[PDB]
RNA sequence: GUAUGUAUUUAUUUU
RNA sequence: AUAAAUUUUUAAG
RNA sequence: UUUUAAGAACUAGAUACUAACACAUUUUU
RNA sequence: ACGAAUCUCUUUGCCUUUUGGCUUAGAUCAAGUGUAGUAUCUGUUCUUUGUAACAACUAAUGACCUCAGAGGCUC
RNA sequence: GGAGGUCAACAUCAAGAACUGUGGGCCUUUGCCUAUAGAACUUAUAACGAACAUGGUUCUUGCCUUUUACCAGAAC
Ligand SMILES: [Mg+2]
Ligand SMILES: [Mg+2]
Ligand SMILES: [Zn+2]
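Protein chains in written order, with the deposited numbering: chain H, 2 to 96; chain A, 725 to 1207; chain G, 2 to 42; chain S, 4 to 41, 126 to 135, 155 to 175; chain F, 2 to 116.
Structure representation (structure tokens):
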């Protein structure tokens, strides 16, 4: 079974739930948006959520200019860009 | 250990790491040394210039010549400088000899059954089937160049013997099946069943087998039609499809397995069934040819002992009397049969249509992977009716052994044939030295009842042509080690 | 390893555990629709 | 992308590396001291060496004549 | 660290059902567990023809591919899945359906079947 | 016998 | 008038 | 600017991933 | 008239992007299974005193002064 | 100067039933013969240990898909 199963097991999670309470781990490479901006919390945190966006801005930004030729594909990817960049705007606005 | 673990943990593992030859990577190295050794020579024969292109090329010619040596194909190159061909012939002869010797060695290592790997059994099987077919093709070619071994005289003698018998019995050549046959439907049902029972118990059916079962089903739906097609093949078709050989292993013997194509299998089965029915119906085979129907083999042995005892006087030590049993394998039998003769001796017994058919059916291309050769000489024992042929020919040998008279004594009169062990008078028994004779497939068992006169005569002539001053006949003499 | 990997996975309908499931559910629904047809008559 | 080899590795390379110092199993000292020199018959039908090759030899046809049955 | 491993060291406290609760809360926030999608290695039973580069997936070919639980449910209750496969020559996704009532597959979006 | 691979730059090097 | 007693497990693929 | 997810409590019960390994299957009705 | 040089084309020579391994042809061409190993989830409900009067209080930018950015005043 | 030490270093401990030194004669130092002095420790149902483990190579097996890990005998 692919490690997708093995990384999500209880014995993996529980130590993360201890590291949140005992220290400064818990990533932000895991969770998603969180959907709403104004519901985010103290600045030292949204700081990391923001880079957790800019990185994808860089990946797909590089993924723009590529000759690989799928124009419909780069169209939807282009819209995805605009969406994310708007999110970046939102995270800045909250800060 | 921990010394290595820790010093390796600080200092990293050794960068050299040479690795020795062992059981798994051996063959690879052997290849490697060989191709190198040919590189040297064929580079040193050439006058000056060219290397890498002619390198790769010449080594390719090596590989090809080896493959063609496995396949028995002679590997002539339309042009190539002769000395190179000398070299490559040399090295591939070498590799050949080492390869064969490994085949023998591994085989006689398996017969003892000590620690042979799961694969080496398979591989060794492969090498043995290759070598066996090579011996076969050798034998056939040398039979062409050297001509048949039967000679015209001996052949005439044989055919004469058989004719004399078949008149002595007043035998009718079997009729070819009528277009309308009263028992024909009954026989057909059995033959299709006997093919079906292979597939009743199978699980996974390959493509050829499924095609077969289609032919069987369509054969039930149109018995009259499939008769029409079958007999039509009996007449028209003298040329047949090739036949595959896959040697199956008994872990000591390796035995062949012939696999024919379904259409041919059907006519072969019907013709077989027919021949056995008509043959036993006309009482062709006498009593004493018995791998037969009515008796299972242990019952055969029991009746053979009771046969020994019940007949008179054998245990009498009264003066000089003695007795002998011969157990003789006929040796190669199916491999020495010849078709020019078969066609005739089947002409006697059977209509020339079926005889010619059978005769032709044995000459077919035989295919195992690469190896292929026409079968020009011996019998193919895998045909459904190879039974009948084989027994009939056996009879032809037995008439040589027993002579006409004594054979007519055993089989008795055509009016009332005897049973397995019987006679008319005890006189007819005592009138001849041979008392009991039976042939179970290859094996021949003979019984002789001798008295001082006849026995001392026999040893007089035998010793008369074989002087044995040192009394050493008993050195090379073999006997039972079980008791 | 020779034959089809599909036989060794659950989702494919062609193998005999799932074909039997479909047999059973379809058979039950045949019973139900049969009885409900007889009721309306 | 399998290839024959068209070369070997020259030990000169391994000569310039530095030794690791791992201790093997077979290099533990052993054999540590040298050694110095100082009517029935009348009815019958019929009356009365080294080849060099592997396949055509006699032992071979004995072999395959047997193990094939 | 053996492939077949009987025990796994646990922290000295570890209320297991409590970890089931807290982990059950944790299961919502993760990206992977919630993907609604799936990835499976599989074969092509019916072969193929691509509708973009007209490439032929000849009979049965390994693929790293994507399984999805379909919102349909065959009859009253039977599961039905939709698989996707990328083409080797071009970037194109072709999909399947598994008909439980008719054992064979039926497919859509980007490929056609050979007869 | 549960692959494997690529990328994951935050803190701004003198015109 | 007999006192005759083999074994036994882990990893990797 | 836009947007709604997160927490607490309750319920009954089985399902996914991997195929590298072995595949004469034989046979008693 | 031939000697010499450039361009173009044809023929011969060289051959230029000119098949890079071994093992049972490496094995196989299937309405079919076994066996071994690893891991846990889906639904519902709930949550996100009035009026009037009197008194007191309520960060950014610019300018000026002083001290070595801070303080005070005004708008 | 005596007693000791759970102190150290350097010698010696498997062989013609066997050690070492010395005197004398022959060969030409070695070696042989003869004479003399001293020999701790270990050895005859053979050995420093009144005890008792493991490893390497090579063969023979035993388990038996393959390698480590192994089964029980031998030689070095
Ligand atoms: Mg592997
Ligand atoms: Mg291996
Ligand atoms: Zn395509």
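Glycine included, every Cβ here is placed at the ideal spot set by N, Cα and C.
Contacts of residue i in chain F (Cβ-Cβ under 7 Å)
{"i": "residue 15 (chain G)", "result": "104"}
{"i": "residue 18 (chain H)", "result": "23 and 27"}
{"i": "residue 12 (chain H)", "result": "9"}
{"i": "residue 37 (chain G)", "result": "Here the premise fails: no neighbours, minimum Cβ distance about 14 Å."}
Distance between beta carbons of residue j and residue i, contact taken as under 8 Å
{"i": "residue 1068 (chain A)", "j": "residue 1195 (chain A)", "result": "Going by Cβ atoms, the distance from residue 1068 (chain A) to residue 1195 (chain A) rounds to 48 Å, so no, they are not a contact pair."}
{"i": "residue 782 (chain A)", "j": "residue 766 (chain A)", "result": "5 Å"}
{"i": "residue 1090 (chain A)", "j": "residue 969 (chain A)", "result": "6 Å"}
{"i": "residue 1152 (chain A)", "j": "residue 1122 (chain A)", "result": "Not confirmed; about 18 Å, so no contact."}
{"i": "residue 959 (chain A)", "j": "residue 1077 (chain A)", "result": "7 Å"}
{"i": "residue 1128 (chain A)", "j": "residue 892 (chain A)", "result": "7 Å"}
Partner residues on chain S for residue i, Cβ-Cβ distance less than 9 Å
{"i": "residue 979 (chain A)", "result": "174 and 175"}
{"i": "residue 885 (chain A)", "result": "132"}
Beta strand (DSSP E) segment containing residue i, residue limits
{"i": "residue 4 (chain S)", "result": "First-last for residue 4 (chain S): undefined, no H or E at that position."}
Residue i in three-state terms, based on DSSP
{"i": "residue 84 (chain F)", "result": "strand"}
{"i": "residue 130 (chain S)", "result": "helix"}
{"i": "residue 1056 (chain A)", "result": "coil"}
{"i": "residue 752 (chain A)", "result": "helix"}
{"i": "residue 834 (chain A)", "result": "helix"}
{"i": "residue 1197 (chain A)", "result": "helix"}
{"i": "residue 948 (chain A)", "result": "helix"}
{"i": "residue 110 (chain F)", "result": "coil"}
{"i": "residue 1156 (chain A)", "result": "coil"}
{"i": "residue 1164 (chain A)", "result": "strand"}
{"i": "residue 1051 (chain A)", "result": "strand"}
{"i": "residue 1203 (chain A)", "result": "coil"}
{"i": "residue 1091 (chain A)", "result": "strand"}
{"i": "residue 845 (chain A)", "result": "helix"}
{"i": "residue 761 (chain A)", "result": "helix"}
{"i": "residue 1149 (chain A)", "result": "coil"}
{"i": "residue 1172 (chain A)", "result": "strand"}
{"i": "residue 13 (chain H)", "result": "helix"}
{"i": "residue 1097 (chain A)", "result": "strand"}
Contact list for residue i against chain H, beta-carbon separation under 9 Å
{"i": "residue 33 (chain F)", "result": "5, 8, 9 and 31"}
{"i": "residue 20 (chain F)", "result": "11, 12, 14, 15 and 18"}
Contacts that residue i makes with chain G (C-beta to C-beta distance below 7 Å)
{"i": "residue 59 (chain F)", "result": "Ordered by position in chain G, no residue passes the 7 Å Cβ test against residue 59 (chain F), which lies about 14 Å from the chain."}
{"i": "residue 71 (chain F)", "result": "Those within 7 Å of residue 71 (chain F) in chain G number zero; the least Cβ separation is about 11 Å."}
{"i": "residue 68 (chain F)", "result": "12"}
Proximal chain F residues relative to residue i, where beta-carbon distance stays under 9 Å
{"i": "residue 30 (chain G)", "result": "76 and 77"}
Residue i: first and last residue of the uninterrupted alpha helix (DSSP H) it sits in
{"i": "residue 732 (chain A)", "result": "726 to 735"}
{"i": "residue 104 (chain F)", "result": "Looking at the DSSP string, residue 104 (chain F) is not in any alpha helix (DSSP H), and its letter there is neither H nor E."}
{"i": "residue 741 (chain A)", "result": "Careful: residue 741 (chain A) lies outside any alpha helix (DSSP H) and carries neither H nor E."}
{"i": "residue 31 (chain G)", "result": "19 to 41"}
{"i": "residue 1177 (chain A)", "result": "1176 to 1189"}
{"i": "residue 81 (chain H)", "result": "72 to 95"}
{"i": "residue 1133 (chain A)", "result": "1128 to 1134"}
Beta-carbon neighbours of residue i, restricted to chain F and to distances below 8 Å
{"i": "residue 26 (chain G)", "result": "76, 77, 78 and 79"}
{"i": "residue 71 (chain H)", "result": "92"}
Proximal residues of chain S, C-beta to C-beta of residue i below 7 Å
{"i": "residue 738 (chain A)", "result": "23 and 25"}
Beta-carbon neighbours of residue i, restricted to chain G and to distances below 8 Å
{"i": "residue 99 (chain F)", "result": "12, 13 and 14"}
Within chain A, the residues that residue i reaches when beta carbons sit closer than 7 Å
{"i": "residue 19 (chain S)", "result": "The premise fails here: residue 19 (chain S) is roughly 10 Å from chain A at the closest Cβ pair, so nothing lies under 7 Å."}
Practice prompt. Would you mind listing the beta strand (DSSP E) stretches within the segment 30 to 93 of chain F that are 3+ residues and don't spill past its ends, in chain order?
Written response: Correct list: 41 to 43, 64 to 70 and 82 to 87.
Discussion item. Please give me, in chain order, every unbroken run of the beta strand (DSSP E) with length at least 3 that falls completely inside the segment 865 to 946 of chain A.
Written reply: Within the segment 865 to 946 of chain A, complete beta strand (DSSP E) segments of at least 3 residues are not found at all.
Fill in: Start-end ranges of the alpha helix (DSSP H) lying completely within the segment 19 to 65 of chain H, minimum 4 residues
Fully enclosed alpha helix (DSSP H) runs of 4 or longer: 44 to 63.
Discussion item. Report the start-end ranges of each alpha helix (DSSP H) in the segment 770 to 821 of chain A that is 4 residues or longer and not cut off at the edges.
Written reply: Whole alpha helix (DSSP H) segments, 4+ residues: 776 to 794.
Worksheet entry | Start-end ranges of the alpha helix (DSSP H) lying completely within the segment 954 to 1036 of chain A, minimum 4 residues | Complete alpha helix (DSSP H) runs here, min 4: 986 to 1005 and 1021 to 1034.
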